[PDB]
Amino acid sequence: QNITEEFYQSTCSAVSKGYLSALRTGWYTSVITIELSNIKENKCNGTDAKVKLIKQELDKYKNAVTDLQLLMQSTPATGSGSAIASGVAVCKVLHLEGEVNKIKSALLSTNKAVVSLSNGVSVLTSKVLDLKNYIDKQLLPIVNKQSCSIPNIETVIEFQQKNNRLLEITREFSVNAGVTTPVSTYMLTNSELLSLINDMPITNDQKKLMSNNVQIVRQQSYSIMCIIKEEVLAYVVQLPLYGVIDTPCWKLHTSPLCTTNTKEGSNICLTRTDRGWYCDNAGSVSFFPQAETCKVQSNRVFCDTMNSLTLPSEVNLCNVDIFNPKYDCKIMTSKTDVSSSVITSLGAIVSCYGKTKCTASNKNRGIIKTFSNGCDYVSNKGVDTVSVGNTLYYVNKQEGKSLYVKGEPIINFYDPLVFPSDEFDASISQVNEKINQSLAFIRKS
């Protein structure tokens, strides 16, 4: 993928192109089980040190089960849910009588198995840990008899190793009220996640995609605690399904565009709004305003559509013609000419105002460019850093072509006296109509 960039001197904005989409549009839920031991505490005459270690680890197992039980009695809402409703619907099905016996039968001989639930959902079930088998075969002869049998030291160590994952899962579920994201390796090991991806009803390009970006998949997944019932600990892992793939995506960067008069109070400023990630999606554009909602790997963006707005494709025209009537290009205005910089994908936008010392340097040559007052841009070819005031920014060293699109700063087309200089969410045409109204108040007088 070739990354390119375009700086628009007229609007103090830049667009980083060449990115490929992967938008989450669906969920794939899967049930993860832990076979438990319904054993109850047993006391026999015991004093030998190995028996003490076993009984100690057994109490940590019993507390882990009772803690998961009181966690499951009352499960907290997470702000209208919605991003978890798929998995929550599976946990509600699991509470039906006979449903845990169904998964208990399918995972009787193998670790993984597909199960058709009683609501038409074909889930992939897995049994990642078997504590009932270990406790009932290796532990019960030690406490369940009348006088305690003496266990070998390998058993004490093996039981602390096996019981550890149960304790860590209970720890994560306790501090997070039953809903964890990202999904840890305790909830699902990388081996188990990759095997679950491979066993999913998705295309081979989607398996290659999710398997090559497992850390992003983990960060966009949920682990929801279901139920403890009949020697079964069940919880749902909700994995992202990327319904939108390889569509063009671009990132808009904006910076304040002010006039540069020498008398403070005589300068006006404007800034394009709606900076962030845009991706082509189903004849429209999916816009992601929040900064943390899109993870980038290589030239691929991984977004969740739940945090997006759907805009007409004409919103891209704000990048080629901001004065263009097919879409009302939104701006904000002010008189706050404070210097700043924005590090883009292939360079840096610099808004320099007042007495601020703005420059672009190379590590061994020193200052190679001094910015004047206004908004400007520099590519990363030959530039390592950008300094604005007392702050030093590092330029991204990604290879790509930048294009400096020269043009008159549009802030110069505005008469300062009638400019609306404190708008917080104004359109280009909205500002023009407010100027037409301020010109009518002066026209009559």
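Numbers for residues come from their place in the sequence shown, where the first is 1.
- Set 319-327 against 130-138 and average the Cα temperature factors; 130-138 ends up higher.
- Look at the C-alpha B-factors of 182-190 and of 140-148. On average they run higher in 140-148.
- Ranking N101, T370, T271, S340 by the C-alpha B-factor listed in the PDB entry places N101 at the top.
- Listed residues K40, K406, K381, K401 were ranked by CA B-factor as deposited; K40 comes out on top.
- Per the PDB record, residue ranking by Cα B-factor puts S86 in the middle third of the chain.
- Among all modelled residues in its chain, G79 ranks in the highest third by Cα B-factor.
- In this PDB entry, the Cα temperature factor of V51 sits in the top third of its chain's modelled residues, the highest group.
- In this PDB entry, the Cα temperature factor of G374 sits in the bottom third of its chain's modelled residues, the lowest group.
- Sort the modelled residues of the chain by CA B factor and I411 lands in the lowest third.
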